[PDB]
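See below for the structure under consideration.
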Amino acid sequence: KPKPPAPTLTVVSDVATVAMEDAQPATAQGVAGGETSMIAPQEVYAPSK
Amino acid sequence: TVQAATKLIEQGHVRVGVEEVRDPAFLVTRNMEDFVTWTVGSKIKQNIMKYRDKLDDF
Amino acid sequence: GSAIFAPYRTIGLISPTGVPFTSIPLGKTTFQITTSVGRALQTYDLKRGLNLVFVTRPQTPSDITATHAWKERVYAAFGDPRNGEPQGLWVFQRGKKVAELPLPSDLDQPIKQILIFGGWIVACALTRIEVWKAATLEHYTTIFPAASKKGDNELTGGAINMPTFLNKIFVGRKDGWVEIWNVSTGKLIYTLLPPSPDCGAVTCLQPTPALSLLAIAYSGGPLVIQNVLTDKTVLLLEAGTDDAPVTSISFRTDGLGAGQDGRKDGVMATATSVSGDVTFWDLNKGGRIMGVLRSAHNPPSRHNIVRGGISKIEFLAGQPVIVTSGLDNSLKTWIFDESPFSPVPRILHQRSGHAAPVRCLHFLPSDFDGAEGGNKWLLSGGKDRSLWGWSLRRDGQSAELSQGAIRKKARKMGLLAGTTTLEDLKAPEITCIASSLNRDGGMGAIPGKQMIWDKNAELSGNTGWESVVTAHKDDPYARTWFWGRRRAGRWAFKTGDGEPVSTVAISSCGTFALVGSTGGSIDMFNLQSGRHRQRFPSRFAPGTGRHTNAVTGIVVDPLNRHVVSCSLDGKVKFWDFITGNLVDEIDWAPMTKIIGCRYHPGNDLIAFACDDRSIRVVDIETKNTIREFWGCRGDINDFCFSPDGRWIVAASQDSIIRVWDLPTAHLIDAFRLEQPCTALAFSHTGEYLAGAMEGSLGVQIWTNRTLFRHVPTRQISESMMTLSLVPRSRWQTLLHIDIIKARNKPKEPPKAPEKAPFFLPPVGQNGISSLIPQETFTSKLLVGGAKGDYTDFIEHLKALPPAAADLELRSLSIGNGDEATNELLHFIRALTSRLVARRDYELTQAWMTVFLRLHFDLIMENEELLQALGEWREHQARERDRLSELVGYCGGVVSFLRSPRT
Amino acid sequence: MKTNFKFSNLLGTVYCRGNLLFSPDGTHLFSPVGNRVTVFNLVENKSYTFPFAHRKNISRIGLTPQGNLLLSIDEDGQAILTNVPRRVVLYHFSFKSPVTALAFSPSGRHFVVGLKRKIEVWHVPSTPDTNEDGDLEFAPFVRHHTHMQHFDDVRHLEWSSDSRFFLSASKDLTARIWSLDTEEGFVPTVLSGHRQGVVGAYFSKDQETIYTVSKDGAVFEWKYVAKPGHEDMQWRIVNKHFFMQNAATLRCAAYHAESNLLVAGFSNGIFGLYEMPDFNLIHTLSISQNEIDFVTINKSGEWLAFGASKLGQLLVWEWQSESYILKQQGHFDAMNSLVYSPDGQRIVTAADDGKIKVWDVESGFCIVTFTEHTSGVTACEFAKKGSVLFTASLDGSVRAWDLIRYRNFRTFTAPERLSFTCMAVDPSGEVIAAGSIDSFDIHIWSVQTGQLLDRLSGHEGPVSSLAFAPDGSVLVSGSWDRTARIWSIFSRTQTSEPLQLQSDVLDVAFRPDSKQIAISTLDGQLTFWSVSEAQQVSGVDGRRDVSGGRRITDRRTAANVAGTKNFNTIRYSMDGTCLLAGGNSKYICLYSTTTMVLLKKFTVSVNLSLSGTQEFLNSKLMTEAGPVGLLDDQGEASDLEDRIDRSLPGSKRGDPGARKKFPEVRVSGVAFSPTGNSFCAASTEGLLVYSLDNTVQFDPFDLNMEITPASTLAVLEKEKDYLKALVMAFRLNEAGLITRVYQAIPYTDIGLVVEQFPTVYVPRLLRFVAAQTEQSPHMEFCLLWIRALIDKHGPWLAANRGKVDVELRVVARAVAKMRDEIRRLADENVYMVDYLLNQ
Amino acid sequence: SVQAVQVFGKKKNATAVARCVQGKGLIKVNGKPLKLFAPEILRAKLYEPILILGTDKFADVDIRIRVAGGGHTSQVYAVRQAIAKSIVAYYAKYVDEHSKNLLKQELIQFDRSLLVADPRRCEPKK
RNA sequence: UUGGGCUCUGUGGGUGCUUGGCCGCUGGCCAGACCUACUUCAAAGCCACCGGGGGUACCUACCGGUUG
């Protein structure tokens, strides 16, 4: 039996996918890829009380 | 006894779930001590089955 | 010559000709053997088995007529000038020719034999002896013996030196004389006359391990041993029969091995090229014989096709070893035994090639994608009635594929003694073989010993059964083989008609061997069973489809649904495999007579050899001929495929091999050989070709010059919106080229010292990269805009690396304030030019994108280029509207077609 | 379909223990994995490998400075050279001694090689590519010279610029200076005096001063100077330095005499680079925790290359900007699963190491890892829309990543703590299932809620295999209950159904034509069942058809080797014609799913470092000490971090201890390229990618006698019969010919061509025009071609949808590639310039 | 040694033993003839795999059969499964593997339960 | 088919792609031979695997001192 399931966070940044990526000269991604910031509009702002 | 057991495992007759066994120190957890059994078709299996008269060559 | 295949090697050969070997001891642990192919020489190891150490390159243009190997070099004399052939002598070292020997121009004689000693080499031609100083490799003199008679002046037998005599040669005449000449002065010093002069010629001569005693072998029969300065005869021996002269002789220097005690020395081995036997004498008391070795090879005979003899004997340095090379492509090294006495030696090493030409030739398919592979093993069916598995990789690991304890069978009988002979005991010769390693599981195939061709299934069907079928000459029974076990299996198959077998092939899956007779019937046997299951036909109109003639050319589809079967005269019938029944046939009876076929899967393609010297190629599914070819001038000897369906090679009676390009349906090649090539064979992937000539046993190996270098050979003889060529990686990184350097910037930085060395010495082409194609992009763009063609600067930016490209695209400037000095405006007009050119939409829009991305303040500040943006915007809106409607139509109905039921 | 599969390119690794090299240009990267070598092109993202092989692991490679010729060197002697642009074998050759050093000359005429003691220079034979009238020699390698003035292994070699002299680094604390011939002002001399062995000597550009770096981190610049008492000059030491790398000893050092820089690579995973003749530290950096195996440099000098043996760890590193070029992590475990996206330009693998990594099929390179999974990672799976992957591991927790923004946006544990061993997902991406060895009930979760939908059950034991039906309705589980369980789930009233087996279950797979389902059972049999009428359409054995054995440490013949007769996994072809299977065994089978025969069998390795890969082994290497590879050569080293044996006794699966020498072959899985025409097996050595070689083999469709390339060109130019020319071009199926005629037809007759084009030949044409869309610079040509095709055969393709499905999908990938590549930028730029003219 | 295979046959609580050894074609259940053993209307159902195989497969063998336990339908079913599994195993151990695959493909192609003890199980709708 | 079988032992090959036996090797030898010279300068540190809890009289080591 593996472990106790522990609560754990991982703080993301707002960088692109190809910024999060490992080290290559040129990504497999094209040009429509390479701009999304790892966080949705819900993330970048939530209207709330 | 552990002579028959160890020699048996050296010539490889004991599957463990799906894999075979070569290396007679495969530690066996309490969960696995049920799924130990004999391999795909060996003559040890057929010793068992030739004795209890369910020997069916198929 | 040819344009595709270059000559590489002739194999199947260790020593077939008449030239004897030469043998040197290396150190105190190995012995080099050196033997002539006939167009080369190989050197074998003795201690390390009998593998091949050196192969002599380049090939002599003519048949070698003499050789000897010194401490390092191989001296080989080639060429009988009496019939056309140019002659010479070459000096090789480690298989490669280092030097050449200067012949006298007045040599119209083939050069018989070679001897080396001191600082001199001597070479005996026919009656003439030439000398070179070996320390300089220079011609010194030429010895000319004289006799009163045209016959008696002939230098038969040979010549030798004594070990303790300074510069003295001992030659045998055609008369019974031996002449001693001093080579330093080139003077005949002495001669010795044969006692009892009824003996005619010195057929051989050899110094003994004692001092100053020569043994002379006479064609009249006597073996004599004599003092050579006293002229004192030590012993006569009546050993040569009149028409059965001895060939040569050797003494045992190993120190013991005579007198029946093991406690005595002085043993002579002798042999005659009329026999296959050799002979052993204890020389001490009466020069007694003690032991006959009977049939150490096949003896030569003119009534039979068998070729053989004994070209030499040798005792090596001081050990129980004796080599005999015969003419039966044959070496067997023998060994004296110590713990008992024995008359004869037993064998201890062997290498063999055939005693007759090769009939059939075949390759082995790949260990399905492994290493045993395409080009390793080639099966050869020799007219010596045998089957050999030849190794292209290391010729030693070739072997016979025996038929049992056959030699012991002969020895229990009298085939080795004095009825038939051994080729007549082994199975008859080989019509046609087929192999399939789709079950050939190697040494473990059937554990134990198994009977042979008999005329139990758990263990068998677990691992592996036989895998090679062979059709033989006049048997009604065809034969199986355990390939991976190197022996005949247990299974022979008749025809049922009883007529002798015509041809045989096997399933795609190693399961059923199928044989077609010369009677017409087609039969099928399961190997694991060795059981008949299907005759064609069994019992269109069913039950009546039997071939009216001989049946050559039988193969199966690999799916084993339809089996195609050609009658020699008439038609080709296609049969439902499972039903054994004739489905579909095609007849060319009144005009052709089909004499064979080969079938390549991977293409569903079959070539047919038909007796009007033609080849008809059919695609099997569409059941109609697709590719007929008429190039031959004799009957078709043998033909084979390409791995790829691109080439067909064919050999005919006239020693002319023609090659056709199948896709172009054309002639490529045609080339003539010195001999007619009987059989054709092609490696199971396209690297090698092996061809079987007539007469010359040991097949030929060619390479694929096309597989290496491209040949343009096509000589049929008789005797709108487009993209670019730029890396998609390159333009995408030009758009994305900041974030790549973010992801390639290390997480933890490199830790430079606080004492930073300023002015590192630069790298590359003067500080910047090699990736910039070498010879001012602003000058290029400005002179293109002074002109109208921006295309030079356009191709420059095209050929740019991405870093320099981004540098340049940030490096623009308006400049002085003129419309002829603003690289931005020139850039936009180059883009509009490329857009109306309709050439590089992608790179155009990408450079526009990044330009807009990093020059926006200046372009919303300036309007002189806003005009150009508006015009280019019109052009781009047209192109975008057209292409967008197009690609969206396409992708949308693509989705609608991929998921319509919604 | 047509099955003539050939060995296409390699992937699954980046590197192995062995010599790394650069093309003399600076774009092509030469890397050894095992035996087979791959090249990575660094400007266009390209990569491939060479069709040669070697029986052992690669120890050293050499290349001509001209470029075209490569000489690969495995250990234990044997070697092969090859022409690098025309990637073919040229020559094979046998050394009979273990190499230790290698250096091609800049002459392009010689190379110096070192067997452990003897040192040999050999000339380079000519090539048929480089001589016009010339061919292969028979025994082409010619010995030039050889010297044995030495005492130990010969570590490194370095030629001079002039190709007149070279320095050799020993192991007996010496370096040796030699001339190719007899010079006049030369002695064949020796550099003496050290503490821990000359690992590398080097000339300068000016052949005046030289360097020796030694394993204890000690550099020595030597000069040909007089003896200190004043014709009488000695090559003697003029100055020395140390690297104060405190608690390690370096292993590999290179030095650019052109720009005079020296790089040094160490045992503690941190290298240092230096401006050498003044000995000034450029900097240092830890590339890894483990150590450095081999270091090299660019020819221009701008790039540094490092291959670390133990973890994958190949990295090229731009020092002047202090950034990488590429930094690649390769498996130190067994690749438990592999899958292409439905896009099929990328494969995600998951090994038992913890790392999972998405690589692209193009370029052969890894774009990303996820590494939050704290145990060995078992299987993964994709959706229909492919933008999300699901991973299950041995940490006891499932995680789901969206594959456009790359985060674990779903995390399950099962509550009563399980340990996952097989997983799967709905094709629509709605519910995950996972099946275990802890609690044999099978578990279903829903991707939106994320909380436990339901335990299913009906299983005497753990569920060994999991597969879903691509419609979205039917599940299959397979388990050592001796059951195959078809799970009728997404109606209202759920049910089970047994297929009882005579045996036990190891894997299940599907037909996209979802009527057919197949089972691999451990007795070897494979079975296809009709899925509604839950009944056996066929069964066949596979024991002898994969019986490849004699793994080491076994006293059986490869006759009776159990557990090399189990098909680990199966897969139908993209059309659904050929079942592909592969297991714990030397071989992989490929069968027709109509009349049940072996269409094609293929080897998973040729290599012989690894263990049980050639079904018989021999009486030479069997000693009386047991089998000879087994006497512990982890006991003989100088590296203390080799001499340590941190193994526990006998655990057949994963740990840091890593007995990990002679691993067996287990062929850990296979996956078809969903674009078809290519597949790849994932195996302990790597990931072997076979394709469909349809280029170098002639194969017509249904030809006539009078159909010749000349006749096609005749009816092309003179007759201009475009439809007939096209159909005979297809009927021949010659690549350049069909390309030529396709370019030849103008863009207006396309409508009549497709209007009277035959539906027998349409689908292969769709594949070909998709290929043209992929590979040709003629977009609008191809796109109008497609528009005409869909205008004509919209109804017919909608009628079939299944004999044409893979071709439809490759049309989909063509149009989607063009779309997401170009039209996004088109709209973006027109909007950009529109607002900029609005100011 | 002597050609002998021995094969069971399974039902709820029928079970049958059959011994396939070389012969010329005799077939007996418990020692009495096959045309005598059944409720005679199911005799065709027992005859079935004979009628798919063709008798010449059965030409070279001789089978003893034991049955025991259970009622009539149970018994006849046990006899047929013993017949099938026995003739397949006899071909397995003593003639071509391709012929074993032939009988198995044909017979299974007809009816599934002639080779598998698919047990009546207890999984209703839960 | 003018005897044959089981069983065991012995030899060689091959069970992997065909470049020498040796040495103090740009050379020499295999019958070998020559045999004891010459000399400017010790070394840079670090690491270094013992089963756990427990005691320390004596020994070792480390640290910090002390007389000389």
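Protein chains in written order, with the deposited numbering: chain CL, 639 to 687; chain CJ, 123 to 180; chain UU, 31 to 448, 454 to 490, 499 to 582, 614 to 793, 840 to 895, 923 to 1049; chain UA, 1 to 230, 239 to 847; chain Cj, 3 to 128.
Ideal Cβ placement from N, Cα and C applies to all residues, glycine included.
Along the region 844-872 of chain UU, going in chain order, the ones with a CB nearer than 7 Å to a CB of chain CL are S849, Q852, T853, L855, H856, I859, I860, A862, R863 and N864.
For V69/Cj, the closest Cβ of chain CJ is not nearer than 9 Å. For the C-beta of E659/CL, the chain UU residues within less than 8 Å are, from N- to C-terminus, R863. Going by DSSP, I255/UU is part of the beta strand (DSSP E) stretching over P252 to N257. The distance from the Cβ of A189/UU to that of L145/UU is about 6 Å, consistent with a contact at the 8 Å cut-off. For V669/CL, the chain UU residues whose Cβ falls inside 8 Å of its Cβ are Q852, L855, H856 and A993, in order along the chain.
In this structure, the alpha-carbon of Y988/UU lies about 49 Å from that of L102/UA. About 5 Å separates the beta carbon of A670/CL from that of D828/UA, a gap short enough to meet the 8 Å contact definition. In this structure, the CA atom of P663/CL is about 51 Å from the CA atom of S540/UA.
Interface criterion not met: the Cβ of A400/UA is under 9 Å from no Cβ in chain CJ. For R563/UA, the closest Cβ of chain CJ is nearer than 9 Å. For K861/UU, the uninterrupted alpha helix (DSSP H) run begins and ends at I859 to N864, by DSSP. A check of alpha carbon separations from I440/UA across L461/UA, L426/UA, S447/UA and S107/UA identifies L461/UA as the nearest. Interface residue (Cβ-Cβ distance to chain Cj less than 9 Å): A548/UU is not classified as such. According to the DSSP secondary-structure assignment, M630/UA is paired through a beta bridge with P635/UA. Using a Cβ-Cβ cut-off of 9 Å, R574/UU counts as an interface residue toward chain Cj, since at least one Cβ of chain Cj sits closer than that to its own. Within the DSSP bridge table, the entry for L56/UU names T60/UU as partners. A direct Cα-Cα distance of roughly 10 Å separates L781/UU from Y762/UU.
A distance of 9 Å or more separates the beta carbons of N568/UA and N499/UU.
A residue is called buried once 16 or more other Cβ atoms fall within 10 Å of its Cβ, and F878/UU, having fewer, is exposed.
Taking a C-beta distance under 9 Å as the contact criterion, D351/UA and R144/CJ do not qualify as a contact pair.
The Cβ neighbour count for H156/UA, taken over all protein chains shown within 10 Å, is at least 16; the residue is labelled buried. In terms of beta-carbon proximity, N103/Cj lines the interface with chain UA, with at least one pair separated by less than 9 Å. If the five residues before and after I85/Cj are omitted, its C-beta is found closer than 6 Å to the C-beta atoms of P51, all from its own chain and listed in chain order. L409/UU places its beta carbon less than 9 Å from that of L391/UU. Beta-bridge pairing by DSSP links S214/UA to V198/UA and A218/UA.
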